[PDB]
Each structure stands twice: as C-alpha cells, then as structure tokens.
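Q: Contents of structure-v8.txt (compact mmCIF, C-alpha atoms and all ligand atoms) are below:
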```txt
# COMPACT_ATOMS: atom_id res chain seq x y z
CA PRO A 1 95.15 131.02 43.72
CA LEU A 2 98.30 129.16 44.72
CA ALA A 3 96.82 128.31 48.12
CA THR A 4 93.70 126.91 46.43
CA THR A 5 95.87 124.89 44.04
CA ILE A 6 97.80 123.39 46.95
CA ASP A 7 94.54 122.56 48.75
CA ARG A 8 93.37 120.78 45.59
CA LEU A 9 96.71 118.95 45.39
CA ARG A 10 96.24 117.82 49.00
CA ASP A 11 92.77 116.56 48.07
CA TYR A 12 94.20 114.56 45.15
CA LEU A 13 96.97 113.02 47.24
CA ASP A 14 94.34 111.96 49.79
CA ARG A 15 91.97 110.58 47.12
CA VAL A 16 94.58 108.24 45.61
CA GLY A 17 96.49 107.40 48.80
CA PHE A 18 99.78 108.96 47.73
CA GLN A 19 101.64 108.51 51.02
CA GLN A 20 100.71 104.82 51.20
CA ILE A 21 101.71 104.29 47.55
CA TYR A 22 105.10 105.94 48.16
CA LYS A 23 105.58 103.95 51.36
CA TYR A 24 104.78 100.68 49.59
CA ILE A 25 107.14 101.42 46.69
CA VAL A 26 110.15 102.31 48.85
CA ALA A 27 109.31 99.88 51.73
CA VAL A 28 109.72 100.29 55.49
CA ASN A 29 113.45 99.39 55.47
CA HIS A 30 114.21 102.36 53.17
CA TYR A 31 111.52 104.98 53.97
CA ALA A 32 113.54 106.74 56.69
CA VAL A 33 117.02 106.09 55.27
CA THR A 34 117.23 108.68 52.50
CA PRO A 35 115.10 110.89 50.23
CA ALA A 36 117.18 109.68 47.26
CA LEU A 37 115.03 106.61 46.56
CA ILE A 38 112.98 107.67 43.52
CA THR A 39 115.65 109.09 41.20
CA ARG A 40 116.66 109.12 37.55
CA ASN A 41 118.17 105.68 38.17
CA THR A 42 115.01 104.10 39.59
CA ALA A 43 112.23 105.95 37.72
CA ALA A 44 111.85 103.28 35.02
CA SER A 45 111.20 100.65 37.69
CA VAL A 46 108.67 102.99 39.36
CA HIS A 47 106.88 103.39 36.01
CA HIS A 48 106.86 99.63 35.54
CA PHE A 49 105.29 99.19 38.97
CA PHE A 50 102.49 101.62 38.16
CA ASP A 51 101.95 100.05 34.73
CA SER A 52 102.05 96.40 35.78
CA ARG A 53 101.16 96.14 39.46
CA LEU A 54 98.73 99.09 39.54
CA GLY A 55 97.43 98.36 36.03
CA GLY A 56 98.22 101.76 34.55
CA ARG A 57 95.10 103.20 36.20
CA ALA A 58 94.45 106.78 35.14
CA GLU A 59 93.88 107.90 38.74
CA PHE A 60 97.65 107.51 39.26
CA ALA A 61 98.69 109.42 36.13
CA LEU A 62 98.92 112.87 37.72
CA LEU A 63 100.65 111.27 40.72
CA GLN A 64 103.48 110.02 38.50
CA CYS A 65 103.87 113.47 36.92
CA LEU A 66 104.57 114.67 40.47
CA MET A 67 106.68 111.70 41.65
CA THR A 68 108.95 111.10 38.63
CA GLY A 69 107.99 113.71 36.03
CA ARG A 70 106.44 111.05 33.76
CA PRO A 71 104.20 112.54 31.04
CA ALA A 72 100.46 111.89 31.02
CA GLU A 73 98.14 112.68 28.15
CA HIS A 74 96.00 115.62 29.22
CA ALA A 75 92.84 114.03 27.80
CA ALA A 76 93.55 110.76 29.65
CA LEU A 77 93.51 112.44 33.06
CA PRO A 78 90.26 111.98 35.01
CA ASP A 79 88.12 115.14 34.93
CA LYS A 80 88.94 116.32 38.49
CA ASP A 81 92.62 115.55 38.07
CA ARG A 82 92.72 117.37 34.73
CA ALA A 83 91.62 120.70 36.20
CA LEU A 84 94.15 120.28 39.00
CA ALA A 85 96.86 119.53 36.45
CA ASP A 86 96.02 122.80 34.69
CA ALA A 87 96.32 124.68 37.99
CA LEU A 88 99.67 123.05 38.73
CA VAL A 89 100.95 124.04 35.27
CA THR A 90 99.81 127.63 35.89
CA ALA A 91 101.69 127.55 39.23
CA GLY A 92 104.87 126.25 37.57
CA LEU A 93 104.71 123.04 39.63
CA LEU A 94 104.22 120.89 36.51
CA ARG A 95 104.86 121.50 32.80
CA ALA A 96 102.68 121.21 29.75
CA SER A 97 104.09 120.03 26.44
CA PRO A 98 104.24 122.76 23.78
CA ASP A 99 100.99 121.58 22.13
CA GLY A 100 99.26 121.27 25.52
CA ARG A 101 98.47 117.60 24.90
CA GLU A 102 100.39 116.27 27.91
CA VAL A 103 101.46 117.22 31.44
CA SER A 104 104.86 116.28 32.87
CA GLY A 105 107.39 117.16 35.56
CA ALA A 106 108.78 120.62 36.27
CA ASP A 107 111.43 121.20 38.96
CA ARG A 108 109.50 119.77 41.94
CA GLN A 109 109.46 116.12 43.02
CA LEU A 110 106.80 114.77 45.38
CA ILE A 111 108.05 112.45 48.15
CA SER A 112 106.89 111.41 51.59
CA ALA A 113 109.19 111.54 54.59
CA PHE A 114 108.53 110.92 58.30
CA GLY A 115 104.77 110.90 57.70
CA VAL A 116 104.74 114.28 55.86
CA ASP A 117 104.06 114.89 52.16
CA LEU A 118 106.80 117.03 50.65
CA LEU A 119 107.66 118.73 47.38
CA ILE A 120 111.45 118.90 46.97
CA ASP A 121 113.79 120.21 44.27
CA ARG A 122 113.63 117.52 41.57
CA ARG A 123 117.05 118.54 40.25
CA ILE A 124 118.80 116.89 43.20
CA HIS A 125 117.70 113.42 41.94
CA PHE A 126 117.03 113.95 38.21
CA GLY A 127 118.43 115.86 35.28
CA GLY A 128 121.56 117.98 35.11
CA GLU A 129 120.90 121.51 36.44
CA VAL A 130 122.17 122.43 39.93
CA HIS A 131 119.47 122.24 42.59
CA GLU A 132 118.38 125.25 44.65
CA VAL A 133 116.79 123.47 47.65
CA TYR A 134 118.72 120.89 49.63
CA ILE A 135 117.47 117.65 51.13
CA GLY A 136 119.46 114.51 51.91
CA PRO A 137 120.02 111.51 54.19
CA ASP A 138 121.50 113.81 56.82
CA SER A 139 118.13 115.62 56.90
CA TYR A 140 116.50 112.29 57.71
CA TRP A 141 118.95 111.10 60.33
CA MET A 142 118.64 114.37 62.27
CA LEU A 143 114.91 113.64 62.63
CA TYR A 144 115.37 109.92 63.29
CA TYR A 145 116.96 110.53 66.68
CA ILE A 146 114.18 112.83 68.04
CA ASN A 147 112.12 111.08 70.73
CA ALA A 148 108.69 112.10 69.49
CA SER A 149 106.78 110.82 72.53
CA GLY A 150 108.52 113.39 74.73
CA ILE A 151 107.16 116.34 72.74
CA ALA A 152 104.29 118.19 74.44
CA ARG A 153 101.64 120.10 72.49
CA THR A 154 102.79 123.28 74.26
CA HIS A 155 106.52 122.80 73.65
CA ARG A 156 108.05 125.63 71.63
CA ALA A 157 110.10 124.24 68.75
CA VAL A 158 112.36 125.89 66.18
CA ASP A 159 113.76 124.44 62.93
CA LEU A 160 116.60 126.75 61.87
CA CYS A 161 117.60 126.70 58.18
CA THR A 162 114.43 124.86 57.23
CA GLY A 163 114.98 124.38 53.48
CA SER A 164 112.05 122.33 52.16
CA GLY A 165 110.50 122.49 55.63
CA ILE A 166 110.89 118.77 56.38
CA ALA A 167 112.10 119.10 59.99
CA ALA A 168 109.59 121.83 60.88
CA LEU A 169 106.74 119.78 59.41
CA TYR A 170 107.89 116.70 61.31
CA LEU A 171 107.95 118.71 64.55
CA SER A 172 104.45 120.03 63.71
CA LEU A 173 103.14 116.46 63.90
CA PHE A 174 103.66 116.65 67.68
CA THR A 175 103.72 120.26 68.88
CA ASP A 176 101.35 123.11 68.10
CA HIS A 177 104.20 125.68 68.19
CA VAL A 178 106.84 125.49 65.44
CA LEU A 179 109.09 128.24 64.07
CA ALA A 180 110.81 127.56 60.72
CA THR A 181 113.49 129.94 59.42
CA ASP A 182 115.52 130.45 56.25
CA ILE A 183 116.99 133.27 54.17
CA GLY A 184 116.83 131.84 50.63
CA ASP A 185 113.99 132.99 48.39
CA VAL A 186 113.59 129.54 46.83
CA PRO A 187 113.44 127.44 50.04
CA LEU A 188 111.20 130.03 51.72
CA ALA A 189 108.66 129.76 48.87
CA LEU A 190 108.83 125.95 49.01
CA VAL A 191 108.27 125.60 52.77
CA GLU A 192 105.21 127.88 52.34
CA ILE A 193 103.83 125.36 49.85
CA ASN A 194 104.76 122.34 51.98
CA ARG A 195 103.17 123.88 55.08
CA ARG A 196 99.84 124.24 53.25
CA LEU A 197 100.25 120.80 51.65
CA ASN A 198 100.14 119.25 55.14
CA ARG A 199 97.18 121.36 56.34
CA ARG A 200 99.29 123.63 58.56
CA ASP A 201 99.20 127.42 58.62
CA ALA A 202 100.58 130.32 60.64
CA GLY A 203 98.41 129.32 63.62
CA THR A 204 100.81 126.48 64.46
CA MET A 205 103.86 126.98 62.21
CA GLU A 206 105.50 130.35 61.60
CA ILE A 207 107.73 130.71 58.54
CA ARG A 208 110.27 133.49 59.09
CA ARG A 209 112.89 135.08 56.85
CA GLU A 210 115.72 135.45 59.37
CA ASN A 211 119.48 134.82 59.60
CA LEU A 212 120.21 132.01 62.01
CA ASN A 213 122.49 134.19 64.15
CA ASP A 214 119.67 136.72 64.47
CA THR A 215 117.30 134.00 65.74
CA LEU A 216 120.01 132.72 68.12
CA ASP A 217 120.53 136.22 69.61
CA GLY A 218 116.81 136.75 70.15
CA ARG A 219 114.79 136.51 73.32
CA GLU A 220 112.54 133.66 72.21
CA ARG A 221 113.21 130.49 74.16
CA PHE A 222 112.61 126.97 72.89
CA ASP A 223 112.09 123.48 74.25
CA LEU A 224 113.25 121.77 71.05
CA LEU A 225 115.60 122.92 68.29
CA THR A 226 116.62 121.29 65.01
CA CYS A 227 119.23 122.56 62.56
CA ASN A 228 120.93 121.08 59.53
CA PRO A 229 122.99 124.18 58.67
CA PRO A 230 125.36 124.73 55.77
CA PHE A 231 128.41 122.87 57.02
CA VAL A 232 130.66 122.00 54.05
CA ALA A 233 134.14 123.51 53.88
CA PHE A 234 135.35 124.44 50.39
CA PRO A 235 138.88 125.64 49.60
CA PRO A 236 139.49 129.41 49.56
CA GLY A 237 138.55 131.03 46.27
CA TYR A 238 135.70 128.66 45.38
CA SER A 239 132.05 129.67 45.43
CA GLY A 240 129.54 127.14 46.75
CA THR A 241 125.81 127.55 47.26
CA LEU A 242 123.63 128.97 50.01
CA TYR A 243 122.65 125.53 51.33
CA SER A 244 126.11 123.94 51.14
CA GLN A 245 128.90 126.29 52.19
CA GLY A 246 129.54 126.61 55.92
CA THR A 247 131.15 129.62 57.57
CA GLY A 248 134.51 129.72 59.31
CA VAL A 249 137.90 128.33 58.39
CA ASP A 250 136.65 124.72 58.44
CA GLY A 251 133.00 125.19 57.44
CA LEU A 252 131.65 124.64 60.99
CA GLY A 253 131.08 128.28 61.98
CA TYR A 254 127.29 127.93 62.10
CA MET A 255 127.59 124.81 64.29
CA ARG A 256 129.73 126.85 66.70
CA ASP A 257 127.23 129.73 66.58
CA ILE A 258 124.34 127.43 67.49
CA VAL A 259 126.07 125.40 70.20
CA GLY A 260 127.43 128.49 71.94
CA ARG A 261 123.95 129.97 72.38
CA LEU A 262 122.10 126.78 73.40
CA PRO A 263 122.29 127.48 77.19
CA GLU A 264 120.39 130.71 76.58
CA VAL A 265 118.08 129.83 73.68
CA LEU A 266 116.90 126.49 75.12
CA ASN A 267 114.70 126.36 78.17
CA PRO A 268 116.31 124.30 80.96
CA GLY A 269 116.07 120.66 79.96
CA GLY A 270 115.42 121.46 76.31
CA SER A 271 117.15 119.54 73.53
CA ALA A 272 118.81 120.51 70.25
CA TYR A 273 119.36 118.14 67.33
CA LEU A 274 122.07 119.09 64.82
CA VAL A 275 123.59 117.20 61.92
CA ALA A 276 126.84 117.71 60.04
CA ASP A 277 129.43 115.82 58.00
CA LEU A 278 132.34 116.41 60.38
CA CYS A 279 136.04 116.23 59.54
CA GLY A 280 138.21 114.13 61.81
CA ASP A 281 141.11 111.78 62.36
CA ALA A 282 140.85 108.02 62.86
CA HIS A 283 139.55 108.46 66.42
CA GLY A 284 136.62 110.69 65.54
CA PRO A 285 135.38 114.11 64.45
CA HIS A 286 137.44 117.11 65.54
CA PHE A 287 134.34 119.14 66.42
CA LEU A 288 133.43 116.83 69.30
CA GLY A 289 136.59 117.99 71.11
CA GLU A 290 135.17 121.53 71.14
CA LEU A 291 132.06 120.34 72.98
CA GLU A 292 133.71 119.36 76.27
CA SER A 293 133.50 123.11 77.07
CA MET A 294 129.73 122.74 77.08
CA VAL A 295 129.69 119.66 79.32
CA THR A 296 131.94 121.32 81.91
CA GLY A 297 130.84 124.91 81.34
CA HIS A 298 127.09 124.26 81.30
CA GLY A 299 126.38 120.75 82.56
CA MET A 300 125.03 119.57 79.23
CA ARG A 301 124.60 116.04 77.99
CA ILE A 302 125.81 115.70 74.41
CA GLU A 303 125.29 112.54 72.34
CA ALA A 304 126.97 112.16 68.95
CA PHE A 305 125.60 109.45 66.63
CA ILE A 306 128.10 108.64 63.87
CA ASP A 307 126.20 106.92 61.07
CA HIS A 308 128.58 107.14 58.09
CA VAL A 309 132.38 107.17 57.82
CA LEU A 310 134.30 107.99 54.65
CA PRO A 311 138.00 108.56 54.02
CA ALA A 312 138.69 112.11 52.89
CA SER A 313 139.97 110.76 49.58
CA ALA A 314 136.45 109.49 48.83
CA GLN A 315 135.07 113.05 49.13
CA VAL A 316 137.57 114.73 46.79
CA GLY A 317 135.60 113.79 43.67
CA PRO A 318 132.15 114.66 45.01
CA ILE A 319 133.34 118.02 46.37
CA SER A 320 135.23 118.86 43.16
CA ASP A 321 132.28 117.86 40.94
CA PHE A 322 129.91 119.98 43.04
CA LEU A 323 132.19 123.02 42.87
CA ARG A 324 132.67 122.61 39.13
CA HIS A 325 128.92 122.35 38.48
CA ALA A 326 127.84 125.08 40.92
CA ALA A 327 130.18 127.72 39.44
CA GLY A 328 130.06 126.52 35.82
CA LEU A 329 133.82 125.96 35.73
CA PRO A 330 135.47 124.18 32.78
CA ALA A 331 137.02 120.73 32.92
CA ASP A 332 140.71 121.69 32.91
CA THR A 333 140.64 123.27 36.39
CA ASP A 334 142.56 121.11 38.92
CA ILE A 335 139.97 121.42 41.67
CA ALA A 336 140.86 118.03 43.14
CA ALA A 337 144.39 119.15 44.07
CA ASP A 338 142.99 122.24 45.81
CA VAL A 339 140.47 120.13 47.73
CA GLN A 340 143.11 117.56 48.76
CA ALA A 341 145.52 120.24 49.98
CA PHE A 342 142.74 122.02 51.88
CA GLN A 343 141.60 118.78 53.54
CA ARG A 344 145.14 118.02 54.67
CA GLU A 345 146.44 121.46 55.67
CA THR A 346 143.36 123.29 57.00
CA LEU A 347 140.76 120.66 57.87
CA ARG A 348 143.19 117.94 59.03
CA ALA A 349 140.54 115.66 57.55
CA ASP A 350 141.54 112.02 57.34
CA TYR A 351 137.86 111.05 57.47
CA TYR A 352 134.40 112.58 57.30
CA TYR A 353 131.90 111.49 59.98
CA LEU A 354 128.20 112.02 59.28
CA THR A 355 127.13 112.87 62.81
CA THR A 356 123.81 113.70 64.43
CA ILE A 357 124.32 115.54 67.73
CA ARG A 358 121.74 115.76 70.49
CA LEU A 359 122.46 118.44 73.09
CA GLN A 360 120.49 118.85 76.29
CA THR A 361 120.72 121.61 78.85
CA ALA A 362 120.49 121.14 82.62
CA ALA A 363 121.19 117.43 82.25
CA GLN A 364 120.91 115.12 85.23
CA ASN A 365 123.56 112.88 83.59
CA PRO A 366 125.90 115.43 81.96
CA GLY A 367 128.68 114.27 79.69
CA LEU A 368 129.79 113.70 76.12
CA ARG A 369 128.92 110.35 74.53
CA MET A 370 130.20 109.39 71.07
CA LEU A 371 128.50 106.41 69.42
CA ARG A 372 130.39 104.62 66.63
CA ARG A 373 129.97 101.14 65.19
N1 LIG A 401 122.60 132.21 57.67
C1 LIG A 401 121.53 131.46 57.42
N2 LIG A 401 120.40 131.62 58.19
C2 LIG A 401 119.27 130.87 57.96
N3 LIG A 401 119.25 129.93 56.94
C3 LIG A 401 120.36 129.76 56.20
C4 LIG A 401 121.51 130.52 56.40
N4 LIG A 401 122.43 130.13 55.48
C5 LIG A 401 121.89 129.14 54.73
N5 LIG A 401 120.61 128.93 55.15
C6 LIG A 401 119.68 127.90 54.70
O1 LIG A 401 120.19 126.73 55.35
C7 LIG A 401 119.64 125.57 54.74
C8 LIG A 401 120.65 124.43 54.83
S1 LIG A 401 120.14 122.89 54.00
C9 LIG A 401 119.12 122.14 55.30
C10 LIG A 401 117.65 122.12 54.87
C11 LIG A 401 116.72 121.28 55.74
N6 LIG A 401 116.71 121.75 57.13
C12 LIG A 401 117.13 119.82 55.70
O2 LIG A 401 117.62 119.28 56.71
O3 LIG A 401 116.96 119.17 54.66
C13 LIG A 401 119.28 126.02 53.32
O4 LIG A 401 117.87 125.91 53.11
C14 LIG A 401 119.74 127.48 53.25
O5 LIG A 401 118.95 128.34 52.47
CA CA A 402 111.31 99.59 45.46
NA NA A 403 123.62 121.11 55.73
```
Starting from the coordinates I provided, produce the structure as structure tokens.

A:
Amino acid sequence: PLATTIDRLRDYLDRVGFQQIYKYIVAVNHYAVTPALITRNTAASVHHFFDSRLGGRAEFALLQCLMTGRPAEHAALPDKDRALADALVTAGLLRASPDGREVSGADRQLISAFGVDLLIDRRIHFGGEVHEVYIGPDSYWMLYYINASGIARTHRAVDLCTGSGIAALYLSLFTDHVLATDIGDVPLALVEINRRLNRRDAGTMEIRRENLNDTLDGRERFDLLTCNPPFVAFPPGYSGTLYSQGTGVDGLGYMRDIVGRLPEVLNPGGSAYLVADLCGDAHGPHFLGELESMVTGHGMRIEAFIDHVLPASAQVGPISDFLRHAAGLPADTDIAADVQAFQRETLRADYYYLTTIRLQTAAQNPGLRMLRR
C-alpha cells in the first residue's frame, strides 16, 4: 500500500509540474545553494505566490500541503488529488484535521534538489521539535563538486550515511549501480520512500542497513564514493544525535575511517567526495594536515574546497542551542562555557571551515590542493 501511495504521489507531482514550480519559486541562483529555502520564515510568501501568481488553483492545493504544510479543504481538492490525500494521511505523510474537513502537513516537507524530488524532515525548517533526518547546505555542496559527465553507467557508486537519500539519488541519475547505506530507522524508511518517488528500485539502487566501518572493511570496490558523515564534536558528557555527533576526540573519527580505507575501497582512479565542517586555525582546517600521508603514502590527489568560514565564537550559540534542544536540558545549564573550553583546549578551533574534499586514487597529478577565497 505504501508503494502504491508513493507511485500515486509521483503521478501527482508529474501532473502539476512540481519540480518546475519549486525551481521557479527558489530560482536558479538559489536552487543548489541550500535546502533551507522554503521554511517557516518564507512560507507566507510561498502561499502568496500560489494565491496571487498561480491564482489559487485547486490543482496546487495538495502540493502546498506537501511543500509548506498549508491546509487545504478536503472537499476543495480535485477528485484524483483527494483520494491521494487520503492515502497520504493513512501513510502518516500528511495530517487530517480532527473533523476530517482539511488536509495539512505532517513531519515531511517536499523539496527538489539536484534534479531529484525529495521528502525531508519538515522539522528542520519548521516548528519546534528536533528533527530526526538531516539535510543541509553541506549536503548540497558535496554533490556540487561531482563531475557528472565523468560517471559511466557501469560505474559502481556508494553513498555512505545516506540520510534522506539525496546523494544516492543524485548518483542514480548517472550510474545504474548505487549503494546507499545508513543505520537509523527513520532515515532508512525515508530513503526507501524517496527511491520509489524517483522511479528507482533495488535493480539500480540498493538500500542497506550497515555501519559505515563495516562497508569500508568489505570486499566491494567502488568507482565513486560520497559521504557526509556525522562530524560535529560536542564536549564530553553531552548527548547529540545520530546524524550530528562524530566519533573520536575531535568529532572527525568517521572522516579518518573513510580516508584510511580509500586506497582499498576505491578502484584505481576512483574518486571520493566528503564534506565536513572542519576545525582549524587562521591558515586552514587541521584535518587537511592529516591528508599529506595519503598524497605521499598512496599517490592520491586531494582537493579541498572551503566554501564557508566562521569564527569559533559564532558556533558557540548554535552548538549550545542544539545540545540543549536535543537532550531537553533546562535553560540554566552553562553549555556555552563548556563548548568554548572544548573548542579551545581539545579542538584548537579558532575557525570552522565548511570543506568539501575530493580524493582520487592513482592520480597522475598527485598532491594536496586547498582552495580558499
Ligand atoms: N556509523 C554509521 N554508519 C552509517 N550511517 C551512519 C552512522 N552513523 C550515523 N549515520 C547516519 O549518517 C547520516 C549523517 S547526515 C548526512 C545525510 C545525507 N548523506 C546528507 O548529506 O544530507 C545520518 O543519516 C545518520 O543516520
Ligand atoms: Ca523566492
Ligand atoms: Na554530517
């Protein structure tokens, strides 16, 4: 039943040109920048666009339920859309009002990214409950740097720590062989939905419940790898979330795990694309110093694209707020002092550098290249 409901959702999105509507609303100079475009802060302007520039047409009513959560009167939905709305309510992907007279948003927000149609966790952009599936601008910038024209239909690709599935689904635009992995129940259920929503199935995209270190140890070899792993370092004693908290003393343990196995897991000449918000000093991120061992030790070419720089002081608030909300802590806990001390003493973080890293084995021009503006 869920698979049929997603097929009917796909049909609706095609019928009313969802991806084109989304692309027009956000425009080409924002579409690939961030998924945080339609949010609680911009929803009223989205509604005004549908009401005034699209004339309030009923064929777009269900679409707005999915995009912003806006209510639509059940009886005002066109007949085909109405039955689909009922199926989405049954699936928990939309809500009905208590009297059943309207349909509105649940916890899933419909966006488009990199040519794919994607349900994401609505709580990241709306409302006040902590989200359970991550997506963000780092997700996008990882994909931005992939040279799509170099992907062959027979290339074997893996998206580790797939989350919503965005990177795996992007790769599936080009290759017929994609593996997508995660260990969280909630993201695994969501990438199943998003795979079907883009007319993929197990014939070209495998979804696997598997720890990233277990995939990295395995004998499967890949031509292309993507991974946006948990990479944030929180002070000792604080609980984070599955998608946020990195391993190791400085949160970069998973990045180390991946990089160390790339000479074995990648076929010769294969490429990995990673992204992380990396601690550093004024010169650059500390992690890049660890990568010279891969240039010399394995002849790799490693390119680091630094696309955002923030002083560590500008992250104290966001980190502290996230920790307070995730664990349900009260407002008299001095989290900010703990974060500041941890940044200074353990991370040596004067700055955070949002960095996409491309790593290629068996490079003809080996070396480390760090790009900063
Ligand atoms: N040890 C592990 N092995 C595999 N997946 C893991 C993992 N630890 C955390 N995860 C998953 O790692 C993901 C990190 S968030 C990145 C999601 C997505 N690739 C994007 O770029 O938007 C989460 O979905 C989380 O569930
Ligand atoms: Ca706009
Ligand atoms: Na991450």

Q: Between atom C10 of ligand LIG 401 (chain A) and atom CA of residue 304 of chain A, measure the distance and give it in Å to one decimal.

A: 19.6 Å

Q: How far is it from atom CA of residue 323 of chain A to atom CA of residue 241 of chain A, in Å with one decimal?

A: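 Atom CA of residue 323 of chain A sits 9.0 Å away from atom CA of residue 241 of chain A.
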
Q: What do you get as a PyMOL selection string if you pick all residues at most 9 Å from ligand NA 403 (chain A), counting only C-alpha atoms and all ligand atoms?

A: chain A and resi 134-136+138-139+161+227-232+243-246+275-277

Q: Find the spatial neighbours of residue 337 of chain A, counting only C-alpha atoms, within a cut-off of 9 Å - ignore same-chain residues fewer than 4 positions away - and output them as an MDAnalysis selection string.

A: chainID A and resid 316 341:342

Q: Identify, on the basis of only C-alpha atoms, every residue whose closest approach to residue 111 of chain A does not exceed 12 Å; exclude the query and any residue fewer than 4 positions from it along the same chain; express the result as JSON, numbers by chain.

A: {"A": [13, 18, 19, 20, 21, 22, 23, 25, 26, 31, 32, 34, 35, 36, 37, 38, 39, 63, 64, 66, 67, 68, 115, 116, 117, 118, 119, 120, 121, 122, 125, 135, 164, 166, 194, 197]}

Q: How big is the axis-aligned box around the listed atoms of segment 165-171 of chain A once 4 Å is added on each side, and where is its centre? Give both in Å to one decimal, as lines of an AutoDock Vina configuration file.

A:
```
center_x = 109.4
center_y = 119.6
center_z = 60.1
size_x = 13.4
size_y = 13.8
size_z = 16.9
```

Q: In Å to one decimal, how far is atom CA of residue 84 of chain A from atom CA of residue 97 of chain A?

A: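 So the answer is 16.0 Å.
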
Q: Just want the 10 Å neighbourhood of residue 181 of chain A, counted on all atoms listed in the file, with same-chain residues fewer than 4 positions away dropped. Output as a CSV table (one decimal) with C-alpha atoms, in the coordinates of the input.

A:
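Okay, part.csv is ready:
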```csv
chain,number,residue,atom,x,y,z
A,158,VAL,CA,112.4,125.9,66.2
A,159,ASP,CA,113.8,124.4,62.9
A,160,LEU,CA,116.6,126.8,61.9
A,161,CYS,CA,117.6,126.7,58.2
A,162,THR,CA,114.4,124.9,57.2
A,163,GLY,CA,115.0,124.4,53.5
A,165,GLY,CA,110.5,122.5,55.6
A,168,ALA,CA,109.6,121.8,60.9
A,187,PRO,CA,113.4,127.4,50.0
A,188,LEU,CA,111.2,130.0,51.7
A,191,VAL,CA,108.3,125.6,52.8
A,206,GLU,CA,105.5,130.4,61.6
A,207,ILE,CA,107.7,130.7,58.5
A,208,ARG,CA,110.3,133.5,59.1
A,209,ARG,CA,112.9,135.1,56.8
A,210,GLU,CA,115.7,135.4,59.4
A,211,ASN,CA,119.5,134.8,59.6
A,212,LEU,CA,120.2,132.0,62.0
A,215,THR,CA,117.3,134.0,65.7
A,227,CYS,CA,119.2,122.6,62.6
```

Q: Choose the residue, out of A:9, A:2, A:46, A:93, that has the smallest atom-to-atom separation from ligand CA 402 (chain A); count only C-alpha atoms and all ligand atoms.

A: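 Ranking A:9, A:2, A:46, A:93 by distance to ligand CA 402 (chain A), first place goes to A:46.
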
Q: Taking 5 positions as the minimum chain separation for residues in the same chain, which residues sit within 9 Å of residue 10 of chain A when counting only C-alpha atoms? Answer as a PyMOL selection string.

A: chain A and resi 5+15+117+196-199

Q: Let me make sure I understand: among A:216, A:6, A:27, A:72, which one has the smallest atom-to-atom distance to ligand CA 402 (chain A) if we use only C-alpha atoms and all ligand atoms?

A: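 The closest residue to ligand CA 402 (chain A) is A:27.
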
Q: For ligand LIG 401 (chain A), which of A:59, A:73, A:107, A:185 is the closest residue, counting all atoms listed in the file?

A: A:185

Q: Of the candidates A:174, A:273, A:12, A:126, which shows the shortest atom-to-atom distance to ligand LIG 401 (chain A), using all atoms listed in the file?

A: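 Answer, going by the shortest atom-to-atom distance: A:273.
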
Q: Compile the contact shell of residue 58 of chain A as a VMD selection string: residues with an atom at most 12 Å away, counting all atoms listed in the file, same-chain residues fewer than 4 positions apart removed.

A: chain A and resid 16 50 to 51 54 62 to 65 72 to 82

Q: Smallest atom-to-atom distance to residue 28 of chain A: which of A:113, A:103, A:169, A:266, using only C-alpha atoms?

A: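 Of the candidates, the smallest distance to residue 28 of chain A is held by A:113.
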
Q: Please, could N, CA and C atoms be added to segment 198-216 of chain A and the result written as a CSV table (one decimal), keeping the file's coordinate frame?

A:
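To be explicit, this is the file written out as part-v8.csv:
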```csv
chain,number,residue,atom,x,y,z
A,198,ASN,N,100.4,120.1,54.0
A,198,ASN,CA,100.1,119.2,55.1
A,198,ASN,C,99.1,119.9,56.1
A,199,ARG,N,98.3,120.8,55.6
A,199,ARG,CA,97.2,121.4,56.3
A,199,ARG,C,97.7,122.1,57.6
A,200,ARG,N,98.8,122.7,57.5
A,200,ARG,CA,99.3,123.6,58.6
A,200,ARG,C,99.2,125.1,58.1
A,201,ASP,N,99.1,126.0,59.0
A,201,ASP,CA,99.2,127.4,58.6
A,201,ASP,C,99.9,128.2,59.7
A,202,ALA,N,99.9,129.5,59.7
A,202,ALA,CA,100.6,130.3,60.6
A,202,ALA,C,100.1,130.1,62.1
A,203,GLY,N,98.9,129.5,62.3
A,203,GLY,CA,98.4,129.3,63.6
A,203,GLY,C,99.2,128.3,64.4
A,204,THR,N,99.9,127.4,63.8
A,204,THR,CA,100.8,126.5,64.5
A,204,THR,C,102.2,126.4,63.9
A,205,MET,N,102.5,127.0,62.8
A,205,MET,CA,103.9,127.0,62.2
A,205,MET,C,104.2,128.3,61.5
A,206,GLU,N,105.1,129.1,62.2
A,206,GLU,CA,105.5,130.4,61.6
A,206,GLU,C,106.7,130.1,60.6
A,207,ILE,N,106.6,130.7,59.5
A,207,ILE,CA,107.7,130.7,58.5
A,207,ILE,C,108.3,132.1,58.6
A,208,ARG,N,109.6,132.2,58.9
A,208,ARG,CA,110.3,133.5,59.1
A,208,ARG,C,111.5,133.6,58.2
A,209,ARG,N,111.7,134.7,57.5
A,209,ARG,CA,112.9,135.1,56.8
A,209,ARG,C,113.8,135.7,57.9
A,210,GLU,N,114.9,135.0,58.3
A,210,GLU,CA,115.7,135.4,59.4
A,210,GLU,C,117.0,134.7,59.4
A,211,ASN,N,118.2,135.4,59.5
A,211,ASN,CA,119.5,134.8,59.6
A,211,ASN,C,119.5,134.0,60.9
A,212,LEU,N,120.2,132.9,60.8
A,212,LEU,CA,120.2,132.0,62.0
A,212,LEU,C,120.9,132.7,63.2
A,213,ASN,N,121.9,133.5,63.0
A,213,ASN,CA,122.5,134.2,64.2
A,213,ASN,C,121.6,135.2,64.7
A,214,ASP,N,120.7,135.8,63.9
A,214,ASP,CA,119.7,136.7,64.5
A,214,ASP,C,118.6,136.0,65.3
A,215,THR,N,118.2,134.8,64.9
A,215,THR,CA,117.3,134.0,65.7
A,215,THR,C,118.0,133.6,67.0
A,216,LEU,N,119.3,133.2,66.9
A,216,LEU,CA,120.0,132.7,68.1
A,216,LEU,C,120.2,133.8,69.2
```
